[PDB]
């Protein structure tokens, strides 16, 4: 206590800062050539213990020269073309002709953001308050969770969803969840092991829109809510309780409640636990996750399911089922969580705009609870797998050492990594080049299934992000689908490849390698070399041309989605959503 409060705070500040640094380095410093691995000519202001341990340098100096004559100095464990490194010192800043200084968290955040706002020519004070608000939540999170082993999040599936203490490791405000403050934060936060009874409404069956593959409409309904309380001619639907509050602000909803067309049944649904995506709920031993709309910003978008996404979910689920059934030999060993049921409600007499609004508000998706198959103690969300614990150390190190009974030598780490990366790259690249199916295989859409620590599967999830290429993938959907649903699913071959590149190498594998190679940066080139060899090998298996894979293998730059830059640039500035980072090889 008290000492625990300062400590939790300092831990949250270091973690939040490291995420902000990640963004600065990946999105600005590297692509625009502001970064040098050099010592400042003058060090005044920087204390000897920042960079010298008594025998040797604490890693490699990193200097970033920014506008307004601002320079940043920090010590790092490695040079890395993707901006993946461990920071071995406090951040020092020097302004024009002043000395090096070490600012407190808020002033440091302010100055770094101001620098990026200068490069952008645009300020975003909302983002600034979100960075601070995210850090404050993380402080409460660390303070709440200082009880267990630092690697406890890796021991059970739900604990792995709950134990992403720090969130997206390269986002400026990973924990900012933008719903009315009076609704509270901790009540909804997997990081506080949140549980709640889902909110329920009773609605007339004539406004239901049910999508179902290998289930009856009634089984889809049952998957969300027990239908017993429903009167004849009605069904029960469920909703995030925050969403239900948002939903009921609307005049159209107020009118239906007043006219007794729908009934508000309160928080009377299944008691369930939010996962890391906040609006998807886990129930131990239920056949399904419940994914609902939440019309709120979390990281870089509003977490609502648009009507055409509710429609597209059904088609994509149907597609994956046919691919796994008839085309297993061109899917690279794909393991994916199905999304067999979708529900939404709108009043039957509603015009199109109101119908669409109602369907987005009430939209729900059933995802196969894979833990029934894979086992709760064998399944770990990959973001948490490659994350830092409450002690700010990669949790994977002790997880593996426990499972392997001993300290893993270089070979054991390389071998583990090889098993991990093949299971990720093969299904994704096979889907993309053979069938034009664009997954979004970032860390949160990926779940490691393991056997005594050893990788068996990388299960992939989230159909709502899945796209189909103009040249290959889009052929797989009917001619008679709504034009808007088609538009929703359609990506160019190039759009698809940019997303796959970022998700696979920068978001996912780069974090994999950084976590595994902590204390041993020399392993990173070797791991990336194994990736390059794996790509060459997958290319051999492919049934369709893969010129994109040629260029990547040949060392051409890799697309990197921005998380900070997008929030500074105009919404109309499409270019700011990506940058290019040098290849790990060449």
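Only the largest set of C-alpha atoms that superpose within 1.5 Å between the two forms is called the rigid core. Residue numbers count along the first chain shown, from 1.
Fitting each structure in 5 other deposited structures of this protein onto the rigid core and averaging C-alpha distances over structures and residues, 290-298 emerges as the more displaced of 290-298 and 363-371. Averaged over structures and residues, the CA distance from the shown form in 5 other deposited structures of this protein after a core fit is larger for 62-70, of the two stretches 39-47 and 62-70. Per the records, residue 185 is modelled in every other compared entry, just as the shown structure includes it, so no third of them leave it out. Modelled in this chain, residue 13 is likewise resolved in all the other entries of the protein that span it on both sides, not missing from even a third of them. In this entry, 400-408 has the higher mean Cα B-factor, the comparison being between 427-435 and 400-408. Checked against the record, the higher mean CA B factor of 373-381 and 203-211 lies with 373-381. Between the residues 246, 197, 96, 503, it is 96 that shows the highest Cα B-factor in the PDB record. The PDB entry assigns the greatest CA B-factor among 440, 339, 250, 329 to 329. In the PDB entry, residue 39 places in the highest third of its chain by CA B-factor. Compared with the other modelled residues of the chain, the Cα B-factor recorded for residue 352 ranks in the middle third. Ranked by C-alpha B-factor against the other modelled residues of its chain, residue 263 falls in the lowest third. In this PDB entry, the Cα temperature factor of residue 301 sits in the top third of its chain's modelled residues, the highest group.
When the CA B factors of the chain's modelled residues are split into thirds, the value for residue 495 lands in the middle one.
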